[PDB]
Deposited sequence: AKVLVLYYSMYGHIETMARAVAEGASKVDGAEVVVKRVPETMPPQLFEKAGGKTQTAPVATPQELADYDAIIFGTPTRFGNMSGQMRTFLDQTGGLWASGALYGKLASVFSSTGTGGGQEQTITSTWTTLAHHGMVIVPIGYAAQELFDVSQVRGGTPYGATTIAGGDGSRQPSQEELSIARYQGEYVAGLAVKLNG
């Protein structure tokens, strides 16, 4: 089974989490795992002004999402929604939606946040979009039950990285169960 870890990160927190998710997924025999990012939409000038951490993962196109059996989406919490960069990217998946290309595939979500709350709303409002594509949504339950998170007030903790690894391992296991 093919598993995509698809993420947006500005300051590296989701990037770190995405590596952990990928590690967990890679524990599952028969899971082929790849990590990609959505494009930065900010001109580099503005990204640098804001103190961003330049991302180096390969950039996904919206159309290649169709190639995977499971997609695990990472986004920072942005006032209780996904980031504009992830939203912009998902707004480019209209051609897949019309073709039913993601229908029935597994989806799961992880997030990063400060200490102000909103991470639950970010995850569940991301689920909405996944459901429009007919994706099967995988929460983590009481291994937020909605998906792995990292909370930075002011680097993810050991325990946060372990829950992220679990989410990857669990989703990848389901992907192999459904798809070989």
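- Residues of the deposited sequence missing from the coordinate set occupy positions 144-156, 168-171.
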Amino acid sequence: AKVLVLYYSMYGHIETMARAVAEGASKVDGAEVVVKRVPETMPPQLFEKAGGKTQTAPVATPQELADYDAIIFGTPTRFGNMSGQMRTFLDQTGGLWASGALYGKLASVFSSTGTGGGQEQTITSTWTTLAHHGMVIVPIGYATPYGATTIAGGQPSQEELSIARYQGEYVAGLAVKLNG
From here on, numbers count along this sequence of modelled residues.
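- Between 123-131 and 58-66, the higher mean Cα B-factor belongs to 58-66.
- With 41-49 and 110-118 compared on mean CA B-factor from the PDB entry, the stretch scoring higher is 41-49.
- Looking only at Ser9, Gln167, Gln158, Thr16, the residue with the top Cα B factor in the deposited structure is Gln158.
- The entry lists a Cα temperature factor for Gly147 that places it in the lowest third of the chain's modelled residues.
- The deposited CA B-factor of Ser99 belongs to the highest third of values across its chain.
- Per-chain ranking of the deposited C-alpha B factor places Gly141 in the middle third.
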